[PDB]
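Let us start with two forms of the same protein chain, each given on its own as structure tokens and named structure 1 and structure 2.
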Structure 1
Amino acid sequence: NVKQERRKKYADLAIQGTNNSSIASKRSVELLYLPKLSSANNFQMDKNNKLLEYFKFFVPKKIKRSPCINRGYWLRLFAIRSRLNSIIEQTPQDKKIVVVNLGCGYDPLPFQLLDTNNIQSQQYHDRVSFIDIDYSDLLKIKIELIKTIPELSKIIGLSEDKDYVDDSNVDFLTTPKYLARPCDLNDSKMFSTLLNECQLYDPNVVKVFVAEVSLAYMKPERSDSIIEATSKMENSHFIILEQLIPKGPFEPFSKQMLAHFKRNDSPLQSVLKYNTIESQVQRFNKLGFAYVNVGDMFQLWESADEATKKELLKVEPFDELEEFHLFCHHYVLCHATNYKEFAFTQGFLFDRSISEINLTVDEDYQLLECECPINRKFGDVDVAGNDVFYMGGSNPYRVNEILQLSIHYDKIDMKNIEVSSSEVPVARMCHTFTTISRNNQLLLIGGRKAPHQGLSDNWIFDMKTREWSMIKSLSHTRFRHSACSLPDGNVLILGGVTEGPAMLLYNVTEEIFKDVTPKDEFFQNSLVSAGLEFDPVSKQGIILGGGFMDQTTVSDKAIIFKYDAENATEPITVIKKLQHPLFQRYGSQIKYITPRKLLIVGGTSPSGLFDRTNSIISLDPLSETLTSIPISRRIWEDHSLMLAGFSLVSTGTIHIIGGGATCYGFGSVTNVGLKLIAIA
């Protein structure tokens, strides 16, 4: 077949520029996410509720991606679509709207929207038109496919004919609802010409200029011109979706992101000039657009109605939320207008960023690198006698092995202990490893394999015998919970991802668990990956930060409590609850430097990124004062620091060991290790 031969020909060409591209990742979401979502959020559905496909026209292959890249790319389709929606809903129903996709690549967006078969874009069927702009070469191929693929030609009005061929191979296409126009965006003057050739000057036509990760590869000056050129088109919106480096090119995630693109020889340039959200506002004001509504991907995520999140969480197993936080904060969605009639209704409005607080430098303790390349995340570790023991974790795969850590001032020695029993705990992460039996044994509680495979089998490891014994098992599975040995030798167990009680108590000698959820409205929800320590001296303990099972909320509370050992119905009671934005951490670890100073370390936050001043801090529980333990510019810039999956070990010094993150397919990073010593 003549047509089919042509189709395949340029079908292959389209591929040489689709994989590890945003289109490939959208095909991924199209395969997995869109079929499992209800009307509101599938974007593509026929009258009979059958999902419709479009990204398959440029990337047919079954594409797959981690659960973090997928949620991100769902957020990303929902980014553009929520904004286009606000414009279509408000603009009077007779006005012509024009969507101009700047550097569209193989983005099938127009066809997703123009297709009368898709009842989830009915508001686009009549009065919306589309202009695709990219490099000449690219549009040639893309037009070949639009012509030779009947389903596509059908949409925009071209003839569907098995027995017709258009061999011209041009870089431009003209239809009532879709045109493609070639243009090198780095040429501000050819672009400005194009704006008029297309009659975008007409004030009776509303313009929507969309820059989805394209003006991000261009130098600030080259991209600022594109933006400004459009500001002079009366009644225009500009939608820009691109990267941010809110805390500089040395933020743990930022460092990896820039470096990744450098390797792909597609550096991020504009972001260098425009680091933060506010930076984008002033930019758009300066360049013509006086009305701006902007926030990062995570504000967009909180923005989803609870009916939508519930579906999303149930799409695929997911448990990389520290990665999701970081990624989200490094991508901005910026909606700009050059006319004041258009209002950003509260449905779409982004709350302004609340100012950050400066903190007093800690006069007593400081940070100083201490290599501990255990090369693994999300295990746990506790001290026994003078020995240290790290168990399980992933690296990047889940292991069950136990490591003895010989801690030294400069470096840490590691020996793999050998198991002596025929039975062993399955390989797991996000469990807890706690010391019991007067420092003779170690208690393994909960944990998981894959995120849908929470575990309920607990174990005990005996140092002398080097044997594993499966003790009693948790009624409900449980991971990402917290733990800490109590004075009496028992083990408190906090929240986690579980259906079980919010707080458990494991009596070692009696070999039983006990639901001891405090009588407080705070504990109505299972707290995930919070910080939790107890101080035998001050006879109390703290709960710090932590997230909830909606994967959206994060406690900003520091909870002080006591332990009444002689009480068997309310052993745990809440003394006091403290609040502060810097408490709002997920995946942190806390520890007592002294009875009057609690070391709070690492984790991610829904609010913003942690910097060198507040990644590590300390709080005085009775004084209610916050002191900051700064990280040197050196350790920030030169060494690999990623506070997620790490742990705290103590033998007046607390080491920050293990930890990493895969940084959204921009490569992996490993927390090299740090130590907190007293100041000379």
Structure 2
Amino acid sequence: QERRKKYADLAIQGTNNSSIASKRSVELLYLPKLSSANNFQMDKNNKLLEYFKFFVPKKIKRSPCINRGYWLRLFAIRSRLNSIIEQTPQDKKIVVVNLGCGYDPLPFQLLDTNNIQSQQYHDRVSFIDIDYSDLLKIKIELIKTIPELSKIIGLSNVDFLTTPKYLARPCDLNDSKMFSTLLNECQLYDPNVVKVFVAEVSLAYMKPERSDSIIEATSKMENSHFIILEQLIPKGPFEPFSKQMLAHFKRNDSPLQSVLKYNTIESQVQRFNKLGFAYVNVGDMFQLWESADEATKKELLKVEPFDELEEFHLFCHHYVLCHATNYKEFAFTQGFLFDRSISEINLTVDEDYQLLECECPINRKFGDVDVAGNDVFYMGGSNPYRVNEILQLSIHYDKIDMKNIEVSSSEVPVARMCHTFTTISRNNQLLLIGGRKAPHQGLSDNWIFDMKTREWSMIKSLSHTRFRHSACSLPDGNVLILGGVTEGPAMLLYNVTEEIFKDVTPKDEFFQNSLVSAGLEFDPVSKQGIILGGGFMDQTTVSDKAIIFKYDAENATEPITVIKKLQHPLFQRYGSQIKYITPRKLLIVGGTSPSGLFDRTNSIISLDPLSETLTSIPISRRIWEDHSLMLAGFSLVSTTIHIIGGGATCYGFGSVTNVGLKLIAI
């Protein structure tokens, strides 16, 4: 009985351990590499100050995606708190109430007068940490036994603590009344003190009814802000990343319960109005990213090797930063304002092709595949480690077999991902271009694989390392190569016979910037090829264009010419793949968007290049829900098109292997 409670309670307190560690990882890596502005912590000698170390036993390291996610999270809260201090008139005290503080040292960081980066907070700001009794006992003993911390709050087996500028109050927030009492005992009813209630991924664990009570309670406090940061599931509990996230949390015995009722950014808005907060500014983590300045973006890219962007889009859309206010006075200046635009788009449901479940397990991602006549070859990729091995795929109406093809040559290309692999030499060979090992180790060495001899042999290398480029075979047998992370030409043509790479970048201002992970395909029939979506090396912008082009094999200086540009929000996708099913019907598949998650209806769409009309190829609920889907790092083969391979590491909520899909005629 009351045991079942004291367990689910300690499991929730356990999540602090996980998140304080991650924040510490950012203190170790990011903060030292960052300028004064996005710094957070620093003394007069431009020497970084450290606060998360007092609360974390060991040194910790995270994936570049988790590290980025947590920097954004600190920037999220800090930026909000900043808009408040800057604006609040100079005669009002300010109290930041941290609901479920964990070991969060935000108080000491902002109070410490050594830290010149938080000077606006030295004078007139005070803090109250609220959390379970046990977690605070521990936290309070540290604070007392650490001269650096104790000095900051004016100090020299309890669970409470009191100082002029900092309080810590034991309280189970599930207990609405006791919280209502705490609000009163802390004189937060006072109109001459601006309250800033922060719930950083804590109310997320409590039930909708119990968390909302906390919110309504605070709404009775005149002049109060409520900043909440927590998970969303903007397309239901069944969207690929949502599914994984939710399950991860049941596993830890600390499920997200409030998010089940509050799925979207919009529901969060209605929630706060309903509960006494009339004024609400709200966006998801990627709008925060977008909102960061160019000099900050530049820095953040250079902090550490990163190439896990699909993940980052997914993660970002699943965290909302909600800033609410219960008074008209406070303005959401244009510097802090989020834009909100859910433009529901209805697409005609394609009547010619449908989507089948193909249960096919190559269990790898970001390799490449291409068919040489009959046989189907997949090379490299990661599973989750990088390999240089070749699988052969036997595709049947039911499933696909696969066997390792061992090689006879001693020299072999190194394990690599994000390369291309393309049939050349009249289906007799396979071209391997570029790729990378670690994100900071892009490759310039190119190889060819001879099926007849099963020998690898390295050819002319690139002048510039290149990965995440796209590539397709042209009619004449040559290979068109498109962008990727690179310092070289935005478009290459590899003459297979001549053995030369040639810069064929079209004279359109579009190709000014290198296009990363865009869709690319040619059609020998309609004598046309398309380019779809694609991101830019700023890791922020994502093209929404679909660019038709023709290829004049004889024009030696400008073989490729931009025929026609199209523009649709559904074209805005990083890491998608396209393939002609018909010279009039261009299948488009997956990828991620900076502007929101894709769902059942628009994850897979068709395009009629000529008439310019889109149609949806829906994923049935049966497969949306039952089968682990993760259209990222995947490939398309045609015998009937197959969507095999792919997966993602869902922000340390585990990993998700794409199980396989099949497009058939109706």
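Residue numbering: sequential along structure 1, first residue numbered 1. Only residues modelled in both forms are compared. Take the two forms, superpose them, and find the largest set of C-alpha atoms that agree within 1.5 Å; that set is the rigid core.
For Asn19, the Cα coordinates differ by 2 angstroms or more between structure 1 and structure 2 after the core has been superposed. Superposition of the core reveals a Cα shift of 2 Å or more for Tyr10 between structure 1 and structure 2. Once the core is aligned between structure 1 and structure 2, the alpha carbon position of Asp137 differs by 1.2 Å; this is the C-alpha shift at that site. On the core-superposed pair, the CA position of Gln93 changes by 2.2 Å between structure 1 and structure 2. Relative to the superposed core, just one shifted segment between structure 1 and structure 2, defined as three or more consecutive residues with every Cα moved by 2 Å or more, spans 4-20.
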